[PDB]
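Quick setup: one chain, the form deposited in one PDB entry, written in structure tokens, and binding and motion questions come after.
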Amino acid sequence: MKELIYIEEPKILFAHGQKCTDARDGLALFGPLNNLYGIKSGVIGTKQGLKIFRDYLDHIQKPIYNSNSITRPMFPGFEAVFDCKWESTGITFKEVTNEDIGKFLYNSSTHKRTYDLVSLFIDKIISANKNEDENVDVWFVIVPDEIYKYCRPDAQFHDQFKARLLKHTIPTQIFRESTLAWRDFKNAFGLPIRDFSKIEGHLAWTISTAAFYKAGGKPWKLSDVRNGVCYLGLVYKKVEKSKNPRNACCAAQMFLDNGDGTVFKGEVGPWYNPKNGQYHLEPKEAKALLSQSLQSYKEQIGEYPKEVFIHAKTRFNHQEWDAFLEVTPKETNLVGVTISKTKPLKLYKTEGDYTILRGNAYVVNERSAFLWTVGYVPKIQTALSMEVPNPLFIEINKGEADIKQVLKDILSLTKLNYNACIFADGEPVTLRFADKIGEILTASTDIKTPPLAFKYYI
């Protein structure tokens, strides 16, 4: 019998040392771990965007309800959860006229259109941070829902705009009007395009916990963690514009228990392998990245990591690891983990209609296992993933570590998505924002940035 193992929910620490699994239950019931007191806004957008933001803030002040409050709980109200004042009285709103966006939006190809319009929305923010003495915690970019519509997917406006801000380190949050005033935008019929009516309160949750996080917020933190667990996430992105098919860019997201990760942009070089399409690092840049992360960890913590798990979506060759094992203190345990997504092992259930649980895992051997990060969770009484859950294959490619420990860490790393206040997620945070960070890095290639937190990436 191919027995499975259950690994309990990681549990997340909240304010006053309160440990609750759901992100938006111990948040409302207690509040954020760090109690920052002012989220003075700097909304940038059209006047209509300012009105939408003001109305949505007024809504957020009053409770918003979900039709299914068993699965998606409500929002008691910002100040009733975050005990801090985020209202429409204090706003450093900076206006962009409709014609201003229009003239920068009609430039034929998406290339010039996106570059010019991102520069338009970036010059205003840079000037605001430079020549004004009212330092607002977060800059809200309320983009009218025509840039996202007309200027659809470098592509991904959301990513290029965030990427060309790392040097200035301006914590910014980007919103769409259709996300805020979803009722106002409607199709040919009277039904709005985005029917959030059953999840309206949910839209109030994620929009809040993200904005709080970017305003120097720490909504929550892992409860059970070891003393030095530095998690490296090796993102990767082939430079399609590069004439050399080998050329590629990489980074390394360093994570402590705090859930706020530092991005160590790597060096663009020959990391692609078209013969088998596998990301690989040569000794020089491998040592450079590992040394950068190690020095940053020592500086922030005062000592070198006790353990270092490098998670990746592929397998590390021998040059990579033989380079990594050189620039690493003897008193350190370095491990390399491969986390594949599909690896077909669907497990349907004979009993009934609902799907398999979330903690179930199949351990193939001492160095391989399957983990069900998605599916049905009793607390929500719902399936995180529709259809049947797809497992997650985890193998300890290099180094010696306990597979159960790696599985538990990988499950715990799924509760650190501040950007979206949800029960959990299907991927660990180390590789969760792999495509996003890869596109950010590709957008910002020539400029070299130091170690920066996620507040400027996600």
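Note that residue numbering begins at 1 and tracks the sequence as displayed. Each form is matched to the other, and the largest set of C-alpha atoms that superpose within 1.5 Å is called the rigid core.
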Per the entry, how many deposited residues between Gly277 and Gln278 lack coordinates? The answer is none
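In what follows, reference is made to the form deposited in another entry, a form of this protein that is not presented.
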With both forms fit on the core, has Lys186 moved 2 Å or more by CA between the shown form and the other one? no
Quick one: once the rigid core is lined up, does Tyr362 have its C-alpha move by 2 Å or more between the shown form and the other one? no
Tell me, please, whether between the shown form and the other one the C-alpha of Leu256 is shifted by 2 Å or more, with the rigid core used for superposition. yes
Note whether the distance between the C-alpha atoms of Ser208 and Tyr148 decreases (closer) or increases (farther) in the other entry, against the displayed form; the change is 3 Å or more. farther
Compare the CA separation of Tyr418 and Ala252 in the other entry with the one in the displayed structure, and answer closer or farther (the difference is at least 3 Å). closer
